[PDB]
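J.: What follows is a single structure, and I will ask about it in a moment.
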Amino acid sequence: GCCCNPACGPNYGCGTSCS
């Protein structure tokens with residue numbers, strides 16, 4: 001779903017609801 005890891009890009013902004 002929502003990006004969390006750094007590999008994804010410069011910013012992921014992982015959210016608690018969208019972990």
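Ordering of the structure tokens sets the chain letters (A, B, ...); residue numbers start at 1 within each chain; ligands are numbered from 1 in the order shown.
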Show me, as number ranges by chain, the residues that have an atom within 10 Å of range 16-19 of chain A when counting only C-alpha atoms, minus same-chain residues fewer than 4 positions from it.

T.: A: 1-4

J.: Taking C-alpha atoms for each residue, export the selection above as a PDB file, in the first residue's frame.

T.:
```pdb
ATOM      1  CA  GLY A   1       0.000   0.000   0.000  1.00  0.00           C
ATOM      2  CA  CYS A   2       1.717   3.131   1.288  1.00  0.00           C
ATOM      3  CA  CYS A   3       5.498   3.314   0.900  1.00  0.00           C
ATOM      4  CA  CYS A   4       7.527   3.061   4.108  1.00  0.00           C
TER       5      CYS A   4
END
```

J.: For residue 5 in chain A, find every residue with an atom within 12 Å (counting only C-alpha atoms), except residues of its own chain fewer than 5 positions away, and show them as a ChimeraX atom specification.

T.: /A:10-15,19

J.: Restricting the output to C-alpha atoms, write the selected residues as a PDB file, in the first residue's frame.

T.:
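Everything below was put into selection12.pdb:
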```pdb
ATOM      1  CA  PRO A  10      13.389  10.028  -0.896  1.00  0.00           C
ATOM      2  CA  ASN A  11      10.170  10.245   1.119  1.00  0.00           C
ATOM      3  CA  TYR A  12       7.660   7.576   2.139  1.00  0.00           C
ATOM      4  CA  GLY A  13       5.784   9.130   5.044  1.00  0.00           C
ATOM      5  CA  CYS A  14       4.632   5.764   6.368  1.00  0.00           C
ATOM      6  CA  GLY A  15       1.369   6.139   8.265  1.00  0.00           C
ATOM      7  CA  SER A  19       1.454   0.677   7.370  1.00  0.00           C
TER       8      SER A  19
END
```
